[PDB]
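One structure is given here, and the rest of the page talks about it.
All values below come from the heavy atoms of this structure, side chains included, with hydrogens, waters and symmetry mates left out. Here is the naming used below: chain letters follow the sequence lines, and residue numbers restart at 1 for every chain. Numbering of ligands and ligand atoms starts at 1, following listing order.
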Protein chains: 2
Amino acid sequence: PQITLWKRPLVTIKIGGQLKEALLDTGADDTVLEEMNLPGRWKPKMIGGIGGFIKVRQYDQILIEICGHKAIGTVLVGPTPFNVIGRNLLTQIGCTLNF
Amino acid sequence: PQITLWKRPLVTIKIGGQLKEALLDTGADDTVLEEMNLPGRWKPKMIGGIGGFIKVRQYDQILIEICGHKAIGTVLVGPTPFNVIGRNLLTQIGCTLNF
Ligand SMILES: CC(C)CN(C[C@@H](O)[C@H](Cc1ccccc1)NC(=O)O[C@H]1CO[C@H]2OCC[C@H]21)S(=O)(=O)c1ccc(N)cc1
């Protein structure tokens with residue numbers, strides 16, 4: 001679909017069999033989700049945002065479904081203000097910016 | 001044009017008679033630019049993201065040219081790691097997400 005930006009580009013995602021709301025975020029390299037239980041092993045990592053750096057749990061090769069489109073990649077879990085879908089997954093679903 | 005998301009969506013912008021590089025950021029409500037000494041009045045503001053909040057100066061009705069597309073609106077100025085063009089101006093240049 002084509003998504004205009006008059007309001008936040010919020011979409012429903014499916015991860016770990018649960019539905020959630022997330023923000024399509026072209027300014028994010030990586031995908032960062034709010035605290036949640038995800039299966040599989042994870043490694044401690046750090047990620048930096050506008051306000052500094054936070055501790056996150058890095059899950060690799062996670063299946064996420066974004067508006068029906070499937071992606072399999074890295075998901076960082078930690079104290080983010082919002083579920084953000086970053087470019088690592090936006091590329092998988094074939095997302096581009098157009099003006 | 002069409003901007004893919006393999007790499008950061010960096011574009012050249014023109015603000016206050018200066019050329020800068022900035023992210024086209026669908027995850028930013030409002031445009032935030034690295035510290036610069038714009039003339040005119042401003043209002044204090046705090047904006048938050050990953051890592052917490054930063055203090056910024058809110059200027060209104062600032063003209064910005066993004067890849068030849070002119071826009072005018074709110075520009076926040078502060079110690080951001082990156083110039084980001086937010087939805088408040090992305091809508092003005094006709095920018096959409098497409099997948
Ligand atoms: C977290 C979002 C809901 C909001 N952010 C925009 C977002 O695109 C930032 C924009 C951004 C980009 C680079 C550096 C700082 C902030 N990206 C970001 O935090 O990404 C992190 C996860 O992937 C990594 O890649 C970049 C940093 C990491 S934000 O920078 O904090 C922000 C908040 C409010 C406004 N008006 C403008 C910007």
For B/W6 and A/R87, the nearest pair of non-hydrogen atoms, with its separation, is O-NH1, 3.1 Å
Shortest non-hydrogen contact from A/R8 toward A/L23:
CB-CD1, 3.8 Å
Mind running side chain to side chain donor-acceptor pair (under 3.5 Å) on B/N98 and A/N98 for me, showing each step along the way?
CA-CA 7 Å; B/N98 303 86; A/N98 301 267; 2.6 Å; yes
For the residue pair A/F99 and B/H69, categorise the inter-ring angle as parallel (less than 30°), tilted (30 to 60°) or perpendicular (more than 60°).
perpendicular
Between ligand 1 and the protein, which N/O pairs are shorter than 3.5 Å?
from, atom 1, to, atom 2, distance (Å)
ligand 1, 8 (O), A/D25, OD1, 2.5
ligand 1, 8 (O), A/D25, OD2, 3.2
ligand 1, 8 (O), B/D25, OD1, 2.9
ligand 1, 8 (O), B/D25, OD2, 2.5
ligand 1, 17 (N), A/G27, O, 3.1
ligand 1, 23 (O), A/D29, N, 3.1
ligand 1, 23 (O), A/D30, N, 2.9
ligand 1, 25 (O), A/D29, N, 2.8
ligand 1, 25 (O), A/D29, OD2, 3.3
ligand 1, 36 (N), B/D30, N, 3.3
ligand 1, 36 (N), B/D30, O, 3.1

Could you walk me through whether B/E21 and B/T12 pass the side chain to side chain donor-acceptor pair (under 3.5 Å) test, one step at a time?
CA-CA 5 Å; B/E21 302 281 288; B/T12 309; 2.6 Å; yes
pair A/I47-A/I54: side-chain heavy atoms closer than 4.5 Å:
yes
